[PDB]
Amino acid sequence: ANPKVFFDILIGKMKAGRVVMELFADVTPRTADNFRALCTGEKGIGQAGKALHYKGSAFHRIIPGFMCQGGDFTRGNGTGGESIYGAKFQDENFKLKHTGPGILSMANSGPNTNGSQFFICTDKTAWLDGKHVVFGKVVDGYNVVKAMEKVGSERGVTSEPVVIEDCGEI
């Protein structure tokens, strides 16, 4: 069975709720396992001397009606992040598409540059198909994602810190 992982989200001071996500290990096992391990923190310290762990990290770029981006746990701004495989890993496949709200997909800087950054879609983002690896979807707490999305802005700056206060596997 496909693993399921969670984020407990903080928006400013406020506990916003739990987002639960299913990871498509049956289609993107390598991408899924990276994300999964980053939720647990089980791989320890990486090559930048930072825990390979989403706990504490923020959704630094939120664009209402498009997506929420996070996973940059080494620099908090979109320039950092690393995979459990060592820096960046290969695009696993493009079998799955950006089919609608809730889809998890990998942020990158071009072909084969997958690290730790990801996005949760808040709409169908089909123009990204074949360039970003789709590896999961939100199955519970999508309303928490709606709430994150209200704190974001057109250019992506958030008017409140959106942070992953806790995370892990179920």
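For every residue, the number given is its place in the sequence shown, counted from 1.
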property	result
Stretch exceeding the other in mean C-alpha B-factor - 18-26, 143-151	143-151
Entry-level comparison of average CA B-factors, 58-66 and 111-119, reporting the higher stretch	58-66
Residue with highest C-alpha B-factor in the PDB entry, from 74, 99, 83, 90	74
Third of chain Cα B-factors occupied by residue 49	highest
